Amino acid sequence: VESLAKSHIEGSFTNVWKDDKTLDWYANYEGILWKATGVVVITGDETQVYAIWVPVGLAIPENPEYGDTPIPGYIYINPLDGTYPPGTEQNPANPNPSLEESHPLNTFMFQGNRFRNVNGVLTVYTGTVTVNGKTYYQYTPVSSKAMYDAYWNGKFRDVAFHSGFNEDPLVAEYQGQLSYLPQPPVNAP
């Protein structure tokens, strides 16, 4: 079963999930765990992901009728891709993640990711982190150029500039650049 030196898969996978820390997408196929690389295209409902699936390890099972034509979707922006690294000349943003005791206010949802904008500085919700007995909420600086480009080009003007006591995240109108996922998924049962 140690066959994870497998050839990459360029295609769509169903039964995907996103890791709450790395914000990468994942799928189990042929008893192998795959990481979605290259240009990653996801359906609006996140049931399917199209990418260059790289084998990263052995499958974990704990973590629909299909056509043969391309289905609409969105180019997923992994906001932790490193194309615009924080704490650099290019990106002067503080490069350190914070541990919030509660979710910060006025955050927004984009591609199922939770973002906080503090005067042009973007941070992303990268899961909970239990520290000395309690649930903290980690917010990691955004290192994606495509994310900042969407922001700068006003693709979040509707959700990124709110102030006031607004605990629940708003949901952005813009959900990414439109693309297509080839069908059916490679791992269809």
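We number the residues from 1 along the sequence you see.
The stretch of deposited sequence separating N63 from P64 contains 10 or more residues lacking coordinates in this entry. With 39-47 and 53-61 compared on mean CA B-factor from the PDB entry, the stretch scoring higher is 53-61. Of the two segments, 2-10 and 178-186, the one listed with the higher mean B-factor is 2-10 (C-alpha atoms only).
Each of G112, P79, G87, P104 has a CA temperature factor in the record; the biggest one is found at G87. Among the modelled residues of the chain, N132 sits in the highest third by CA temperature factor in this PDB entry.
Per the PDB record, residue ranking by Cα B-factor puts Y29 in the highest third of the chain. In this PDB entry, the Cα temperature factor of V118 sits in the middle third of its chain's modelled residues. Compared with the other modelled residues of the chain, the Cα B-factor recorded for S144 ranks in the lowest third.
Per the PDB record, residue ranking by Cα B-factor puts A93 in the middle third of the chain.
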